[PDB]
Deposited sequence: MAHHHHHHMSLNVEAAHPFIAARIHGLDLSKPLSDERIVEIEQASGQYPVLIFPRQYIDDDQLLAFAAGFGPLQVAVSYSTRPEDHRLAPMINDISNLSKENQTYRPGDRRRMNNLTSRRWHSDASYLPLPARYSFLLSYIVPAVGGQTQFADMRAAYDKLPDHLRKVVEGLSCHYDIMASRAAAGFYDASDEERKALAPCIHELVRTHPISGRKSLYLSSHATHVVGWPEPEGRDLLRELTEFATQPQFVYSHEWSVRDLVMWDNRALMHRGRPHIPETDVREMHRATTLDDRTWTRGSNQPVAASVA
């Protein structure tokens, strides 16, 4: 590892200095970043004054790009979730580049699902092994108070199923596939499934599993949805402007770099 890696948290997040992401990275550098993400699933590249084309070009090195509603997305993102876990093909890495940072609040917080899995009480460890869960965007929106959706969107975003205990392809780490999108456990009565997910979510978002990112202008933050949940925090006052540019890659295990 020749990358200049500086831990921002002992195991969730790290800064990577000395990169100019306005230029395409070499293949060896992209691999190094992937390896660094296996240790720290949140990577912060400070002071990246890049435009959207360059942001998208950087993101596209790690997977295929994902191809009112501002109010809805703002409020639902305040709940712990993993990006696009409600899709059969969820997100791989997500990317957020800050343009304008509010003075108070507005953190993005990250919860380590590997650490949460590792620290589970023995009886919960035994219970989660081999389970699968239902993931349902319309149910999670309804829980946040949003009930309006076209029949086309409901069909296009029909609920799916994912295994609860994941194994990361880079690091081999086991982790919990928690998300606000997960409703209950496949093959279990709904109440017992909801209660298990309630208990796991409270456990996995205790402070020892959480890194709270205090944003700086032009931070590029890249996070691995395969190992995390994340959420946005309100900024105070809400009238302050907060401008973030986003890109998302999909976890297509058949995709290959060039």
- Absent from the model, numbered along the deposited sequence, are 1 to 8, 76 to 108, 300 to 309
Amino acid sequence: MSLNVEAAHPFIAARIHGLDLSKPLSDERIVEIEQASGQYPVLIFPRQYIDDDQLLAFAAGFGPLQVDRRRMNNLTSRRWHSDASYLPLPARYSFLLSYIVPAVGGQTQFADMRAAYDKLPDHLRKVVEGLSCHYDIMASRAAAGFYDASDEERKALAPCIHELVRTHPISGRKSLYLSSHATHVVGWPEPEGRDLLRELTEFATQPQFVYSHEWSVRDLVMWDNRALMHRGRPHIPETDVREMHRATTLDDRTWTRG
From here on, numbers count along this sequence of modelled residues.
- Task: Could you settle it for me: does 216 to 224 or 52 to 60 have the higher average Cα B factor in the PDB entry?
- Result: 52 to 60
- Average Cα temperature factor in the PDB entry - higher stretch of 164 to 172, 70 to 78: 70 to 78
- Item | Maximum C-alpha temperature factor, selected from 187, 130, 145, 102 | 102
- Ranked against its chain, the third holding the CA B-factor of residue 29: highest
- Query: residue 182: which third of its chain by C-alpha temperature factor?
  - Reply: middle
- Task: Comparing against every modelled residue in the chain, figure out the third that the C-alpha B-factor of residue 124 lands in (lowest, middle or highest).
- Result: middle
- Select lowest, middle or highest to describe the third in which the CA B-factor of residue 115 falls within its chain in this entry. lowest
- Third of the chain, ranked by Cα B-factor, where residue 134 sits: lowest
